[PDB]
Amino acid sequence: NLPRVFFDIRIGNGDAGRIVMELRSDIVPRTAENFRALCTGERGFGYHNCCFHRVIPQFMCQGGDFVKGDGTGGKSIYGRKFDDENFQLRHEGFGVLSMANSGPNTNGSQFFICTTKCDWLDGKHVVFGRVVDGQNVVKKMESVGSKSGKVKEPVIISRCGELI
């Protein structure tokens, strides 16, 4: 069965709600497991209290740097980096979950949520899931985003984990 995980999001001084994500363990089991484990914090580290450090309205939101908090760091449950598992899933529309990287085979913890179809990213980033509920919460983040991506108020994963 496909993992169901969540982020509770706080934007500035307000709780924004819950994002629920389905992970495609059927296609990218290793990549899905990394993300799932970082949501639950079962290895002793993960996305809890991590921020979204870039928000570009109508393009995407990026987060998952729980090491440095600024988009320069991160680590996976497999070590500092792990290989691109496959490129079978596409950045086909709103809510697609994909791994940020610094070139081939440099996956860590950073990820982005697409808020539009971005086919041009296919074959560059490993897609591993999709937002299934709380699309409004992803869209809410735009209130503190900008065209450059600079974030105006803290966007924090106040709580995260796995759902039944």
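When you see a residue number, it is the position in the sequence shown, counting from 1.
**Q** Please compare 31-39 with 46-54 and say which has the higher mean C-alpha temperature factor in the record.
**A** Comparing averages over the C-alpha atoms only gives 46-54.
**Q** For the higher mean C-alpha B factor in the entry, choose 148-156 or 14-22.
**A** Comparing 148-156 with 14-22, the higher mean C-alpha B-factor belongs to 148-156.
**Q** When you compare the CA B-factors of 116, 98, 62, 135 as listed in the entry, which one comes out on top?
**A** Across 116, 98, 62, 135, the entry lists the biggest C-alpha B-factor for 116.
**Q** Quick check on the deposited entry: does the C-alpha B-factor of residue 88 sit in the lowest, middle or highest third of its chain?
**A** It falls in the middle third of the chain.
**Q** Can you work out whether the C-alpha temperature factor of residue 139 puts it in the lowest, middle or highest third of the chain?
**A** Middle third, going by the recorded CA B-factors of the chain.
**Q** How does residue 121 rank on Cα B-factor within its chain, lowest, middle or highest third?
**A** Ranked within chain, residue 121 CA B lands in the middle tercile.
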